[PDB]
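One structure is given below, encoded as structure tokens.
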Ligand SMILES: Nc1nc2c(ncn2[C@@H]2O[C@@H]3COP(=O)(O)O[C@H]4[C@@H](O)[C@H](n5cnc6c(=O)[nH]c(N)nc65)O[C@@H]4COP(=O)(O)O[C@H]3[C@H]2O)c(=O)[nH]1
Ligand SMILES: Nc1nc2c(ncn2[C@@H]2O[C@@H]3COP(=O)(O)O[C@H]4[C@@H](O)[C@H](n5cnc6c(=O)[nH]c(N)nc65)O[C@@H]4COP(=O)(O)O[C@H]3[C@H]2O)c(=O)[nH]1
Ligand SMILES: Nc1nc2c(ncn2[C@@H]2O[C@@H]3COP(=O)(O)O[C@H]4[C@@H](O)[C@H](n5cnc6c(=O)[nH]c(N)nc65)O[C@@H]4COP(=O)(O)O[C@H]3[C@H]2O)c(=O)[nH]1
């Protein structure tokens, strides 16, 4: 009777705003973690996912590899063509990586013009060839400046990757993969290296 | 009648999430190094203000600022100092961008600002004040108490022509900034 029924009407209007918000919360959260320019994850979403995936590798005793990519000479590139064309080069490289990073792989915009990738349960030989396919894919086509149709020159990426040692943490693997990338850059750029 | 216990629990998850949702919203639109807006929140805000400036037949100006020789700061003093240089310049831009103005950290060590319904002359002198301001003081390294060097800001801006899209104004503002850098840095130029 009545008061029992004034309550079921308030609890239905209340557990419905729970779902109206919990669904709206999921889509604000998806976009809070999506790097707007490229539609990949951002460094934050990546550093969270890299830690969660290292738990799954220690507790499960499985494999995980990690890769970093930088767009070569990207600073002097912006100065030549302008912020807007540079944003289009970032987008383009990001399209090449996103194609290849279907889950359980995880790809992110790790920096200003840098990317990070997670290959869970995959051997390094696979990672090493995936990065090599991405390297030539990126420099395969000649891109054009959109109003004027100029050649932008080839676009190349340097690359670093490493395999997580048994006791290694997220931060630590990243440190090593980053040393790998610096090694690729100081060795002539447009190449992959590994520890 | 366990019912009053589930409605006390149900008007609680509404309070937990409605607050949590506004918190996630703020963080999706704020650069937590400088507390200005981030790039998404700006590009969205630019489209709103170019829409409203066309409906209202009124104008808006647009400014881009980059910190000069910023990479050399990270390299000499460390990334921990570099964040302080960004915070410092952002703070100058912040004191000066009270609403209806709108400042954000576009890109890496760059900023973008919206001046709606403002005379180009005032925007130009506002930017020039920002320029003398950041270079007015000689900052010291927190730990070791040493002169970090001069800090200067380059700057470019443009006013929106009547048919222009937000994309297009920023391209002009960006060309203006490239002229400032190419012409000696530490200055303001405009189309
Ligand atoms: N301590 C500290 N250092 C920071 C921070 N953010 C960026 N930096 C550092 O500053 C370097 C130079 O950035 P820049 O002078 O703004 O010059 C940047 C910028 O002009 C450009 N860039 C960055 N993001 C974008 C973008 O979304 N679009 C376009 N077109 N260009 C971008 O690439 C240039 C190179 O950037 P990177 O290679 O990533 O290298 C960056 C990065 O290592 C920070 O919060 N704290
Ligand atoms: N009078 C005075 N006020 C102080 C002092 N230390 C902190 N404050 C106040 O506290 C604010 C926060 O500074 P922060 O959190 O270190 O964050 C700072 C810091 O990261 C960077 N920054 C500004 N000036 C310097 C500097 O001289 N050296 C270094 N290393 N960083 C600076 O800019 C950020 C924003 O600073 P502000 O907007 O200026 O605002 C500063 C300033 O208003 C001080 O020694 N004297
Ligand atoms: N935590 C904190 N400490 C404060 C604050 N204001 C002053 N101090 C302390 O008091 C000393 C005197 O600083 P000042 O007279 O403001 O004179 C300052 C100020 O004119 C300038 N300065 C240094 N840091 C900042 C800063 O973060 N923001 C601003 N706006 N100015 C600064 O450098 C001078 C020397 O600063 P220091 O050698 O670091 O030594 C500073 C600092 O240790 C504050 O708001 N918060």
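So basically every Cβ, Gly included, is an ideal-geometry build from the backbone, and we count neighbours across all protein chains shown. Values quoted throughout were computed directly from the atomic coordinates according to the rules given, and no laboratory measurement underlies them.
Across A:127, A:28, A:157, mean-square fluctuation computed from a Gaussian network of chain A (C-alpha pairs under 10 Å connected) peaks at A:28.
Modelled label positions at residue A:39 and residue A:63, each set 7 Å beyond Cα in the direction of Cβ, lie 3.1 nm from each other. With a simple spin-label model that places each label point 7 Å from the Cα along the Cα-to-Cβ direction, the separation between residue A:142 and residue A:48 comes to 4.4 nm. Using just its DSSP H runs of length 4 or more, each adding -39500 (n - 2.57), chain B gives a mean residue ellipticity at 222 nm of -17000 deg cm²/dmol after division by all residues.
Among B:156, B:107, B:56, which one shows the highest mean-square fluctuation when chain B is modelled as a Gaussian network with alpha-carbon springs under 10 Å? Of the options given, B:56 has the highest mean-square fluctuation.
Once the Cα atoms are used to define both axes, helix A:124-138 deviates from the longest principal axis of chain A by about 70 degrees.
Do you know the relative contact order of chain B, to the nearest whole percent, from alpha carbon pairs under 8 angstrom that are 6+ apart? The value is 23 percent.
Under a Gaussian network description of chain B, with springs only between Cα atoms under 10 Å, the residue in B:73, B:102, B:115 that fluctuates furthest is B:73.
Based on the Kirkwood approach, the hydrodynamic radius assigned to the protein assembly as shown is 23.7 Å, with every pair of different Cα atoms included. Looking at segment B:115-171, the pairs of alpha carbons with a distance over 17 Å make up 57% of the total. With respect to chain A, whose longest principal axis is taken over its alpha-carbon atoms, helix A:43-58 is tilted by about 80°. Calculate how steeply helix A:170-186 sits against the longest principal axis of the alpha-carbon atoms of chain A, using the helix alpha-carbon long axis, and give the answer as 0 to 90 degrees to the nearest 10. Helix A:170-186 sits roughly 30 degrees off the main axis of chain A. Taking every DSSP bridge with both residues inside chain B, close to 85 percent are antiparallel. The Cα atoms of chain A cover 81, 51, 21 Å along the three principal axes, with the biggest extent listed first. Principal axis extents of the Cα atoms in segment A:1-74, from largest to smallest and rounded to whole angstrom, are 72, 36, 12.
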